[PDB]
Every structure is written in structure tokens, then in C-alpha cells.
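Given next, in C-alpha cells, is a single chain: the form deposited in one PDB entry.
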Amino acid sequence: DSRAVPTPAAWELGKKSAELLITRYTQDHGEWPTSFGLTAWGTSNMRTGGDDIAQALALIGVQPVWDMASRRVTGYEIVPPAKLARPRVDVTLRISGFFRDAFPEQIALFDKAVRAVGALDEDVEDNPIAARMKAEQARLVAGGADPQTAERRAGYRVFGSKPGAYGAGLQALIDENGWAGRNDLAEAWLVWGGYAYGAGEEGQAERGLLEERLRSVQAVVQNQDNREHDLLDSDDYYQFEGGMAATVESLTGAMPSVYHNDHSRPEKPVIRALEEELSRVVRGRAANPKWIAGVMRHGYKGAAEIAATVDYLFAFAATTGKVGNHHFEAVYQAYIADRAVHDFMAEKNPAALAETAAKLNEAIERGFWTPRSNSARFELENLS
């Protein structure tokens, strides 16, 4: 039932996650965060209790209200400063097309909550949301804006693609290799995701507002709720957390922190840096000889998974620059220099082998990988 979302169990997770994310931020940076960029997304195969929205509500310092009998969400209640041991953190939410289509009530809940936090009379150090929404509203009014229009526009926190549009708009740009620098990925990401969503209403073209929100963002955040997939076998992560981080870099001149969080065990959320998650998945899966031996029993399909892993690794380097030289070296050695893996791929799926070689050559070309051997360049080019 979409009216019962976020569930109390998704709330408990969102709250613990938000606390752990703030803490990780303070450990990394030595100061309270004031502005995160979150992605809310979904698959038919996800847990359904409303984790993303719960985390966003927790960050801003709002709690859902449930009907005790029915367990439906009836509204929200602002957590007062008396009940906060840290400041409210501003949240800019990028929603996927799936998320936008599936969960209009969640979007409306968050939109109303964050605007209500932005209207509180609280000190800037407790409430950066209100300070931003008041200042932007005031700048718009002083330009001649109708105050009501100005309050509407200053308070937008939910951005997505227009109706009938899916993904972040980067896949073709990366696959055709028709991007010069990361600024071109940021431009496509803004064109694609520049629509503001508010409670009840349809999407509104508001690219300038998205840019202003992203200019403030200090960390990019995305959550994973199961271990049946990872960030190097699905397009859900590079295009949202990856594309959002490219865009913040393009607007500010500094790459923000990216936190790829593990909500697979709801009682024990684990916050990780994207570099940590990348390395966990290379060790655990991509370069894991148990994983390689297993896909070597699935023929054409297995070889395609190897190739896809390299595609995603490249996509993360393209958007974020957070893929270390060691990862590219590791997959080169595991997939190309290991003659048993190389020969498996050449026999069962030579196109997948050619795609892997071509991707590693582009990684060299872009400065994502400097091969430990000079002969690796020629081998890869001769192979592709």
C-alpha cells in the first residue's frame, strides 16, 4: 500500500542512516554538512517500505505521522530543535522516472515537509534550509517576482526528468564517446534532469534552480537495499550518484564526496565512500576468482557480464574520477592478461572481448588508467 509508505521500519532505517551519513561527513570534513544531494530511485525488485524518502525526511529533521490503527501515513511532524543533537541538513532530491511514476505521494510528502522546515524561524547554524529558501525568495522578490511565485521557486527540492523520460541521459554520450570533458556529461545531466516537481503538480522546466541547488551540494548520496546486484552490473548508480557528482564538480570546480550506502541489512546501515564501495565490489565480485570461475560456466552470457563490469567501471571514472588506477589494472590482469579468461571470452563471445579491450584503451586515452606495462597498450589496440 503506497499510502503506508514510509513504513515505521523504513523510518528507523532512514533515521539511523541519516545519523551515520552526517557522522561520516563530519569525520571526513571536520564540520557539519549543510547540503546533500540524494537520489531516489527504484526497481520492481526493491524493498518497498520507502527508505530513500525516510532518509531525506530524517536529514531535514521531520518525522512521518502514521494512523495508529491503519498504519497509513497521514502527514508529518517537524522534529523541534530541542530534539536535535545535530543541525538540519538541506536535501536536493533527484528522482528517477520509475520513482516519479510510482511514488507521487512520497514526493508530495517530502516537498511539503522541506518547505515547512524552510519556513521555520530558526538560527542559520540549526537550519540552512530556511536560510537558503528565505534568501532566494528575497532575491527573487527584489527582482520583481510575485512573492508566491518566489516562495514556490525558492523552495523546490525535487528534480527529475520530464514525463516518459527514463535514466539520467548519459548512456549514449558515454557509448558513442562524444563527450570532450566532464562538463559535457554535466550539461547532458542538467538538460535531462532539470524539471522541478512539487506536491500535486506536474514537472516544471527549472534548470537554473537545479544548478543553484547543486552549487550548494557538499556530498552526493545514493542507497542500495540488497546484495543481488552492485554498482558495476547495473546502470542505476553511475547515472545518478555518478552524474550528480560530475554536475556538482562542473558547477563548483570541486568534486564532492559521494556516499554509496548499504541498506542491505536494515538494522545495520553502513555508509561508504564510493571509492570504498568500488573497491569492495572489485575484491568481492569483479576481480574475485570465485566470481570469474562461475561466469566462465555460463558461455556468451558470462563473457557479457565481464564486459559490462568494465563498461561500468569506465562510466564511474568518466563521471566521478573516483576509480583508481589499481581497479583498471586489476580488471586488465583478471580479464585480458589471464590467458584462460581471455581465451574463454575469445571462444564464447569475441564481441564482448573486443568491447572490453576498446573500453580499456579509452581508459588509457582519457588518463583513467596508466598501465604498469607499456606493452599492454599495444596488446589492447592489436586485440581491438
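Definition used throughout: the rigid core is the maximal C-alpha set that superposes within 1.5 Å between two forms. Start at 1 with the first residue shown and count on from there.
The following text describes the form deposited with a small molecule bound, which does not appear among the structures shown.
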Indicate whether residue 321 is a 4.5 Å heavy atom neighbour of the small molecule in the deposited bound form. no
Using a 4.5 Å heavy atom cut-off, state whether residue 249 contacts the small molecule in the deposited bound form. no
Is residue 49 a contact residue for the small molecule in the deposited bound form, using a 4.5 Å heavy atom cut-off? no
Can you check whether residue 283 is within 4.5 Å of the small molecule in the deposited bound form, heavy atom basis? no
Since exactly one of 229, 215, 298, 268 fits, which has a heavy atom within 4.5 Å of the small molecule in the deposited bound form? 229
Looking at 76, 179, 291, 98 here, can you tell me which has any non-hydrogen atom within 4.5 angstroms of the small molecule in the deposited bound form? 98
Partner-facing stretch of 112-120, 180-188, 230-238, 133-141, counted where any non-hydrogen atom is within 4.5 angstroms of the small molecule in the deposited bound form: 230-238
Only one of 325, 43, 26, 70 passes the 2 Å C-alpha shift threshold between the shown form and the other one with the rigid core fixed, namely 43
Note whether the distance between the C-alpha atoms of residue 238 and residue 46 decreases (closer) or increases (farther) in the deposited bound form, against the displayed form; the change is 3 Å or more. farther
So the CA-CA distance for residue 45 and residue 302 moves by at least 3 angstroms in the deposited bound form. Closer or farther than here? farther
